[PDB]
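Starting off with a structure, shown below.
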Amino acid sequence: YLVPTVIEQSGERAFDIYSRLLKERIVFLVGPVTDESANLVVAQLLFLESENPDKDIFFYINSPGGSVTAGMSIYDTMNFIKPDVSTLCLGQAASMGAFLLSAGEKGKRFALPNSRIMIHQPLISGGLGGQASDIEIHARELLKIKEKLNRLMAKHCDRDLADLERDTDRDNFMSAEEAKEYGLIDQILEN
Amino acid sequence: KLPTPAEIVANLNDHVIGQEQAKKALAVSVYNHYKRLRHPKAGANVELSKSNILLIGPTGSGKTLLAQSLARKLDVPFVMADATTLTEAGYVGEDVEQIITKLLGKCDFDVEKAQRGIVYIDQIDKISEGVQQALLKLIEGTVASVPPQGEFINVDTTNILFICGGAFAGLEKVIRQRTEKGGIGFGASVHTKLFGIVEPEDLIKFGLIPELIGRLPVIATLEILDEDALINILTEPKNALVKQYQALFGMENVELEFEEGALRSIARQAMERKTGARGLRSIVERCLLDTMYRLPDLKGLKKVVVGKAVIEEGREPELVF
Amino acid sequence: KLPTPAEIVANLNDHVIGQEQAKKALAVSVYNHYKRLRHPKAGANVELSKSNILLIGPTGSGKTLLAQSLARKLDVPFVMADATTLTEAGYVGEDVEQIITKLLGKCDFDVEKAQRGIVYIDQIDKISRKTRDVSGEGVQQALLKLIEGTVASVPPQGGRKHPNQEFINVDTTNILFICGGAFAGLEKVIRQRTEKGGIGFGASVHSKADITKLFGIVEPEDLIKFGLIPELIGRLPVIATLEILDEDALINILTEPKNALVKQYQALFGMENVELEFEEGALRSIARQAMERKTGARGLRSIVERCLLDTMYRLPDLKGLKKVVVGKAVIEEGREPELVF
Amino acid sequence: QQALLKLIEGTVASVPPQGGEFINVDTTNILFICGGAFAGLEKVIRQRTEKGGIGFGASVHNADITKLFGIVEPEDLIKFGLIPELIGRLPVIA
Amino acid sequence: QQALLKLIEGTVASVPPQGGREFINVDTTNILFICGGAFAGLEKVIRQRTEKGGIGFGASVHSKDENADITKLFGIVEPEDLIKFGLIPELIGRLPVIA
């Protein structure tokens, strides 16, 4: 895709439109969460804290999910850095995208009115081949990740761990209103 | 004697309407300036320095009128300069002290009066560097020489009060870049109060050299004239446009009158041009040209009533005989 | 007789806070200037020459103030020029002879007095070298002959430097020149030279001191890398450096100098017969606020004026107000001073 | 321009006598009518306006110096080279 | 440089009188002119001429000294270097002695 170039008045500085939005403390997570896309989010979160540790960071999420470890690098960076990270759901926040959406600062988690938010237990974090001893190890690690995700989700949503274990058993699709009632987001934006 | 900061605002309210914060700021700075000029300037006393003013406000807000009203009040000479009339290349020096020739000519070339005068510099923001450096060297104490009134004359500008002003258009966004959360975000501040909290880093980011900010310690802001103040301006001031044209009709036997809706509509038309009270004169003259040409021909006329339809539509003022 | 360098410094301390080494340099140079001027000029007497100064210091450190404070007790003509106003000879703008024109105007156009005067050239760093550079290297080249001994041809205070022009001959041999400027990118050059080091497994990595420390060890090599031509640095043998002002320097500037800002407003309040008092924390807060905004000693006046605005608006009417007190809250918070009757 | 401004505003001029004792003439009540073909004024105005636009829903567009001269502003004449204090003394623009 | 060609060479210059601005005619035919200057970037031109400084297998390489020897290079200066420096040949020919 051709990323448009915009001019900032200050003299003039030419930005691509995403660098221009980063200047306004807007970080985009678009598409699958990979090592490379997650590290760009981490790099932007670290950079924005240095620019101003007090001003809010706006984390715009339009993602179907992705790697758990990649999403956890974003998650720990969001919680570590001093400035509040507000999260906004555009289009969809599914799987780790919904996790990072609920991971925003409490009171500053938003969704657009027709966005779709989906929460579910993790799938394969990696293949389970080799010997039965190797498969047992990877199954145990996946169960630990499953419990860790449900526990952190329950903390984000102010719900019991038993509620998240029921609701993440299979793909749980929610409207913005249902996610607000659930505890994934705080407000729904209209205008 | 010398007018107190309260009496200055009292007399200055008759000519300017609104901008009370800038009015008191100018009054204090000017009173302190002309009290410093009364100090025992000799011996083991403290050498007193002046405090200049930076008037930030929209076009037509009354900055030049404020400076000229202060000058008329304090009997001092006054000349308005324009930073736009100073070129980057060339002898920026030779034409920056030509303003001194202008100020001297306004006071019979008596240096005793010009050295304690006032100078307003227009479009201080439109030079956002050689012009800035010359205005800085001149705002600070310097002895300049100009041709005679007909041998050269000397003028030391240390005791001259400088009131720079201009419509800093893009300054509010420079301020919002640090005062608000974000500009382009979904929920992030999408769009004179912020002019009131302006800090030196904003003016420097705007492109004003820091040494010029250092010699302009007083920053006063002027608010945009609303549709209400533009009506008072038409009626209340000592030199109101209604008063001028009523005198024009009054030297003859015809009494000019305006409808309140006419004043409100003509004030809204002036506000729609982004020029403030500057455009009021053109639209009033356009509206009254309907009769100023016919009135010579009309006989038996006693009064003319200017309705809102004359200002808004192609209507003629009602002629009652 | 002549004033010793100690006496010259004593009159620079009443106006400048800190910068002791540059005050030593200026005082010694002015003393040697006087001695050269009253040295016999014929016979077996050796011909003396001058040692010009390059006054380096950050923005708002006291260069222009050192020159103005020195000019009060010079007993010889003195001017303050700005190199940014200069240009090459054949291009629009001021020529280097206009400096001598100003120096000659300060002394009733007595050439014998201007030939023994002193000149301060400000913004000498803005004409750095980094086709025809009419505003930069060209000005440096035009200053080479003027700084050292030459016979300049100046206009009579009336016009430009034209061929169809009447002229006056002025010998700048004994005229002392004091160049000054805020070489911003000079600290980087000094750090590049003093911390070269190198890259690689087999290379020697050198250790890695702010503007003050680096300026204190400036050498001509750094000034050449900055943009000054060696022909100009050789004519400026003395290099005096200013230390950047800290918070304690700012509070001392507020209170210590003869015409200090606090004394300014105290005398201004003595007109209406009231006493103005600043708490120590108030001055410390004014210094912190001037430092945080990175203004320097420039912004102290704006802070004090914005804090005393509403009180000065009510001075000539509040009768019985024997004292005014400025506290730490008035500086840090949007408060009003204490008005004791 | 400056010597002309000093006359357009209220001043007193000294001029030779009626024969070969100078006469003092006060020009407070002398009306000045200045004129000229400002050849750069249409470009000055056309820079102030004539923004145009692009796209389907935008209006796109020899200089119509008639309507341009009909919308002259004092700042346009300042850009042409006239001193602002002279234009301020010329309020009527025909 | 162009204006000095006829001044260095023999001409008749018209200069103002002794006082204010009949002009005086002076013949510069027998007036000796001694030009002087610190040609800063001249040693680099002389080095580029005398020292090839090529690259490759078939090029003799020599940049083993960082600073140009100003004395040794100036001692072998020729009009070619002064022309590449910025002087015009008409002026160099009028300055036959290069010390």
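First chain written, first letter: the chains are A, B, C, D and E, and each begins at residue 1.
By our rule, a contact is a pair of C-beta atoms (placed from the backbone, for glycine too) under 8 Å apart; a residue touches a chain by one contact, two chains touch by 3 or more.
Novice: Say we pretend subunit D isn't there, which chains still hang together?
Specialist: Ignoring subunit D, everything left is still one piece.
Novice: Could you find the two chains linked by the most C-beta contact pairs?
Specialist: Ranked by contacting C-beta pairs, first place goes to B-C.
Novice: Taking CA centroids for every chain, report which one is farthest away from subunit D.
Specialist: The chain farthest from subunit D, judged by C-alpha centres, is A.
Novice: So which chain is farthest from subunit C, going by the mean of the CA atoms in each chain?
Specialist: Here the answer is chain A, farthest from subunit C.
Novice: Determine the centre-to-centre distance between subunit C and subunit D, using the mean Cα coordinates as centres, and give it in whole Å.
Specialist: Whole-Å distance between the two chain centres: 45.
Novice: Rounded to a whole Å, what is the gap between the Cα centroids of subunit B and subunit C?
Specialist: The answer is 35 Å.
Novice: Which whole number of Å gives the spacing of the CA centres of subunit A and subunit C?
Specialist: Distance between chain centres: 56 Å.
Novice: What is the distance, in whole Å, between the centres of subunit B and subunit D, each centre taken as the mean of its C-alpha atoms?
Specialist: 21
Novice: Using the touch rule from the top of the page, what residues of subunit A touch 2 or more other chains?
Specialist: Subunit A, residues with two or more chain partners: not present.
Novice: At least two other chains touched by the same residue of subunit B: list those residues.
Specialist: None at all.
Novice: Go through the chains and record each pair that touches.
Specialist: A-B, B-C, B-D, C-E
Novice: Of all residues in subunit B, which touch subunit A in the complex?
Specialist: 170, 173, 181-188, 205
Novice: Could you pull out which subunit B residues touch subunit D in their complex?
Specialist: Contact set of subunit B toward subunit D: 80, 82, 84-85, 102, 105, 122, 281.
Novice: Give the list of subunit D residues in touch with subunit B in this complex.
Specialist: 2, 6, 78, 83-85, 91
Novice: Under the stated contact criterion, what part of subunit C meets subunit B in this complex?
Specialist: That would be residues 59-60, 82, 84-85, 92-94, 105, 123, 157-158, 160, 258-259, 263-264, 266-268, 271, 293-295, 298-299, 301-302, 305-306, 309, 312-317 of subunit C.
Novice: For the complex, give me every residue of subunit B touching subunit C.
Specialist: 4-6, 24-25, 27-29, 31-32, 35-36, 38-39, 45-49, 51, 89-93, 129-130, 133-134, 137, 145, 152, 199-201, 210-211, 213-214, 217-219
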